[PDB]
């Protein structure tokens, strides 16, 4: 079946629970997701870089990026695409793409896209 990249708030991620081998918030299966928040704290290591990313919606979340450019300065706004995974009963995001926000409008767009995709998909899942 078909797996879209669902825009989300962190409160949606922290609330999603595992249902038949897949993550679900409301009745929207999620896996690949974008969020938009503000780097509250960077954390360098040679393999990986761990960020604490905050939108409005809850406490900041962990976002891990596996390295191989520079560490995005604490304070900046960013869009993040990644996979929601939970390890020791703690949700984190495995980011493939982390891109400093260019046009703060993209941010509004996100708020709009989240509310929209979640509204559409949850309807589509009936039925």
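Residue numbers count along the first chain shown, from 1.
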query: Would you class the number of unmodelled deposited residues between residue 68 and residue 69 as none, 1 to 3, 4 to 9, or 10 or more?
result: 4 to 9
- prompt: For the C-alpha atoms alone, is the average B factor greater in 52-60 or in 69-77, going by the entry?
  reply: 69-77
query: By the record's CA B-factor, is residue 40 among the lowest, middle or highest third of residues in the chain?
result: middle
query: Which third, lowest, middle or highest, does the CA B-factor of residue 18 fall in along this chain?
result: middle
Residue 85 CA temperature factor, ranked by third within the chain: middle
query: Taking the C-alpha B-factors as the PDB entry records them, is residue 8 in the lowest, middle or highest third of its chain?
result: lowest
- request: Would you check the entry's CA temperature factor for residue 31 and let me know if it's in the chain's lowest, middle or highest third?
  value: middle
